[PDB]
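Colleague: The following file, input.pdb, comprises PDB, N, CA, C and O atoms:
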MODEL        1
ATOM      1  N   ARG A   1       4.320  -6.223  -2.468
ATOM      2  CA  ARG A   1       3.499  -5.387  -3.395
ATOM      3  C   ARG A   1       2.420  -4.622  -2.605
ATOM      4  O   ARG A   1       2.346  -4.733  -1.395
ATOM      5  N   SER A   2       1.622  -3.872  -3.317
ATOM      6  CA  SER A   2       0.532  -3.077  -2.675
ATOM      7  C   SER A   2      -0.802  -3.496  -3.292
ATOM      8  O   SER A   2      -0.862  -3.811  -4.464
ATOM      9  N   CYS A   3      -1.827  -3.486  -2.487
ATOM     10  CA  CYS A   3      -3.187  -3.874  -2.972
ATOM     11  C   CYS A   3      -3.988  -2.641  -3.424
ATOM     12  O   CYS A   3      -4.359  -1.830  -2.597
ATOM     13  N   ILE A   4      -4.248  -2.505  -4.700
ATOM     14  CA  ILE A   4      -5.013  -1.348  -5.209
ATOM     15  C   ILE A   4      -5.999  -1.809  -6.262
ATOM     16  O   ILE A   4      -5.999  -2.937  -6.710
ATOM     17  N   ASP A   5      -6.809  -0.867  -6.614
ATOM     18  CA  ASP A   5      -7.852  -1.108  -7.615
ATOM     19  C   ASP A   5      -8.146   0.105  -8.473
ATOM     20  O   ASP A   5      -8.031   1.208  -7.982
ATOM     21  N   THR A   6      -8.516  -0.103  -9.703
ATOM     22  CA  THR A   6      -8.836   1.088 -10.562
ATOM     23  C   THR A   6     -10.348   1.335 -10.335
ATOM     24  O   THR A   6     -10.854   2.406 -10.613
ATOM     25  N   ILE A   7     -10.992   0.305  -9.848
ATOM     26  CA  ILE A   7     -12.448   0.275  -9.526
ATOM     27  C   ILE A   7     -12.466  -0.740  -8.381
ATOM     28  O   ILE A   7     -11.670  -1.655  -8.435
ATOM     29  N   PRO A   8     -13.295  -0.622  -7.378
ATOM     30  CA  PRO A   8     -13.405  -1.634  -6.314
ATOM     31  C   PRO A   8     -14.752  -2.277  -6.596
ATOM     32  O   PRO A   8     -15.170  -2.540  -7.706
ATOM     33  N   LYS A   9     -15.369  -2.454  -5.479
ATOM     34  CA  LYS A   9     -16.717  -3.031  -5.285
ATOM     35  C   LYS A   9     -17.651  -2.608  -6.435
ATOM     36  O   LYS A   9     -18.546  -3.312  -6.859
ATOM     37  N   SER A  10     -17.368  -1.422  -6.904
ATOM     38  CA  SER A  10     -18.173  -0.826  -8.015
ATOM     39  C   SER A  10     -18.425  -1.804  -9.150
ATOM     40  O   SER A  10     -19.547  -1.952  -9.593
ATOM     41  N   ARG A  11     -17.388  -2.447  -9.595
ATOM     42  CA  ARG A  11     -17.581  -3.417 -10.704
ATOM     43  C   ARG A  11     -16.965  -4.719 -10.211
ATOM     44  O   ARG A  11     -16.411  -5.495 -10.965
ATOM     45  N   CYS A  12     -17.106  -4.882  -8.920
ATOM     46  CA  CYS A  12     -16.592  -6.072  -8.220
ATOM     47  C   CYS A  12     -17.545  -6.503  -7.119
ATOM     48  O   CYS A  12     -17.807  -5.798  -6.167
ATOM     49  N   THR A  13     -18.035  -7.680  -7.286
ATOM     50  CA  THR A  13     -18.976  -8.270  -6.315
ATOM     51  C   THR A  13     -18.456  -9.686  -6.323
ATOM     52  O   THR A  13     -17.898 -10.071  -7.328
ATOM     53  N   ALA A  14     -18.614 -10.449  -5.275
ATOM     54  CA  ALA A  14     -18.091 -11.859  -5.275
ATOM     55  C   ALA A  14     -18.279 -12.537  -6.629
ATOM     56  O   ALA A  14     -17.504 -13.376  -7.036
ATOM     57  N   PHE A  15     -19.314 -12.132  -7.304
ATOM     58  CA  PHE A  15     -19.586 -12.729  -8.634
ATOM     59  C   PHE A  15     -18.493 -12.255  -9.602
ATOM     60  O   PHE A  15     -17.833 -13.056 -10.223
ATOM     61  N   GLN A  16     -18.292 -10.972  -9.697
ATOM     62  CA  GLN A  16     -17.242 -10.459 -10.644
ATOM     63  C   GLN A  16     -15.826 -10.667 -10.102
ATOM     64  O   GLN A  16     -14.872 -10.803 -10.841
ATOM     65  N   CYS A  17     -15.739 -10.681  -8.808
ATOM     66  CA  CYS A  17     -14.439 -10.870  -8.116
ATOM     67  C   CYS A  17     -14.031 -12.338  -8.207
ATOM     68  O   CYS A  17     -12.863 -12.630  -8.333
ATOM     69  N   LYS A  18     -14.979 -13.236  -8.149
ATOM     70  CA  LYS A  18     -14.602 -14.684  -8.234
ATOM     71  C   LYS A  18     -14.592 -15.144  -9.691
ATOM     72  O   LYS A  18     -13.828 -16.007 -10.074
ATOM     73  N   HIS A  19     -15.464 -14.582 -10.485
ATOM     74  CA  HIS A  19     -15.527 -14.971 -11.909
ATOM     75  C   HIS A  19     -14.627 -14.160 -12.829
ATOM     76  O   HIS A  19     -13.976 -14.754 -13.669
ATOM     77  N   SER A  20     -14.559 -12.859 -12.707
ATOM     78  CA  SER A  20     -13.669 -12.140 -13.646
ATOM     79  C   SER A  20     -12.260 -12.096 -13.079
ATOM     80  O   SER A  20     -11.875 -11.212 -12.344
ATOM     81  N   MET A  21     -11.486 -13.076 -13.431
ATOM     82  CA  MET A  21     -10.076 -13.154 -12.947
ATOM     83  C   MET A  21      -9.342 -11.818 -13.079
ATOM     84  O   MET A  21      -8.557 -11.487 -12.225
ATOM     85  N   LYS A  22      -9.601 -11.083 -14.127
ATOM     86  CA  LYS A  22      -8.901  -9.764 -14.286
ATOM     87  C   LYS A  22      -9.430  -8.754 -13.265
ATOM     88  O   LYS A  22      -8.751  -7.823 -12.868
ATOM     89  N   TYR A  23     -10.647  -8.986 -12.861
ATOM     90  CA  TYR A  23     -11.279  -8.087 -11.877
ATOM     91  C   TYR A  23     -10.584  -8.305 -10.547
ATOM     92  O   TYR A  23     -10.282  -7.362  -9.851
ATOM     93  N   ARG A  24     -10.336  -9.540 -10.221
ATOM     94  CA  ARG A  24      -9.651  -9.848  -8.928
ATOM     95  C   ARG A  24      -8.112  -9.681  -9.079
ATOM     96  O   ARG A  24      -7.442  -9.125  -8.241
ATOM     97  N   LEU A  25      -7.548 -10.146 -10.153
ATOM     98  CA  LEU A  25      -6.087 -10.049 -10.389
ATOM     99  C   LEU A  25      -5.582  -8.682 -10.872
ATOM    100  O   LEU A  25      -4.384  -8.484 -10.966
ATOM    101  N   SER A  26      -6.474  -7.778 -11.181
ATOM    102  CA  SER A  26      -6.017  -6.433 -11.660
ATOM    103  C   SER A  26      -6.939  -5.244 -11.360
ATOM    104  O   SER A  26      -6.467  -4.204 -10.951
ATOM    105  N   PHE A  27      -8.218  -5.397 -11.565
ATOM    106  CA  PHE A  27      -9.143  -4.246 -11.289
ATOM    107  C   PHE A  27      -9.279  -3.881  -9.825
ATOM    108  O   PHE A  27      -9.193  -2.716  -9.487
ATOM    109  N   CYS A  28      -9.499  -4.912  -9.052
ATOM    110  CA  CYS A  28      -9.685  -4.881  -7.588
ATOM    111  C   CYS A  28      -8.557  -5.439  -6.755
ATOM    112  O   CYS A  28      -8.825  -5.957  -5.682
ATOM    113  N   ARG A  29      -7.341  -5.335  -7.214
ATOM    114  CA  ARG A  29      -6.191  -5.869  -6.409
ATOM    115  C   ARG A  29      -6.165  -5.256  -4.987
ATOM    116  O   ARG A  29      -5.275  -5.551  -4.216
ATOM    117  N   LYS A  30      -7.134  -4.428  -4.681
ATOM    118  CA  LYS A  30      -7.250  -3.767  -3.371
ATOM    119  C   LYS A  30      -7.847  -4.739  -2.372
ATOM    120  O   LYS A  30      -7.495  -4.656  -1.215
ATOM    121  N   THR A  31      -8.714  -5.628  -2.810
ATOM    122  CA  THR A  31      -9.296  -6.581  -1.791
ATOM    123  C   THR A  31     -10.003  -7.723  -2.494
ATOM    124  O   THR A  31      -9.714  -8.890  -2.341
ATOM    125  N   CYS A  32     -10.932  -7.307  -3.306
ATOM    126  CA  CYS A  32     -11.752  -8.306  -4.083
ATOM    127  C   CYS A  32     -10.832  -9.154  -4.904
ATOM    128  O   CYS A  32     -11.079 -10.300  -5.237
ATOM    129  N   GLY A  33      -9.793  -8.439  -5.186
ATOM    130  CA  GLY A  33      -8.725  -8.975  -5.973
ATOM    131  C   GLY A  33      -7.624  -9.610  -5.194
ATOM    132  O   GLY A  33      -7.347 -10.782  -5.347
ATOM    133  N   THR A  34      -7.032  -8.823  -4.352
ATOM    134  CA  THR A  34      -5.903  -9.394  -3.565
ATOM    135  C   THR A  34      -5.630  -9.021  -2.097
ATOM    136  O   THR A  34      -4.477  -8.983  -1.716
ATOM    137  N   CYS A  35      -6.634  -8.777  -1.304
ATOM    138  CA  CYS A  35      -6.430  -8.407   0.131
ATOM    139  C   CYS A  35      -7.777  -8.544   0.870
ATOM    140  O   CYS A  35      -8.692  -9.038   0.236
TER     141      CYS A  35
ENDMDL
END
Could you write out this file's structure as structure tokens?

Modeller:
Amino acid sequence: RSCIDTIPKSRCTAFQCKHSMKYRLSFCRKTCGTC
């Protein structure tokens, strides 16, 4: 697969990336999410 995000760091910080599963599993699949 490919790692992408509809929003990155913008609405993703270790707090949102570790706590908002959708943020890591879908919003930030670019890194915060999956890379």

Colleague: Quick one, how far is atom C of residue 28 in chain A from atom N of residue 6 in chain A?

Modeller: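 Computing the Euclidean distance for atom C of residue 28 in chain A and atom N of residue 6 in chain A yields 6.1 Å.
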
Colleague: Evaluated on this file, the PyMOL selection byres (((chain A and resi 2 and name CA) around 12) and name CA) picks out some residues - which ones are they, written as a ChimeraX atom specification?

Modeller: /A:1,3-5,26,28-31,33-35

Colleague: Based on DSSP run over this structure's backbone, return all residues of chain A in helix (DSSP H, G or I), as number ranges by chain.

Modeller: A: 9-11, 14-19, 21-27

Colleague: Using all atoms listed in the file, which residues sit within 6 Å of range 9-14 of chain A once same-chain residues fewer than 4 positions away are excluded, as a PyMOL selection string?

Modeller: chain A and resi 18-19+23
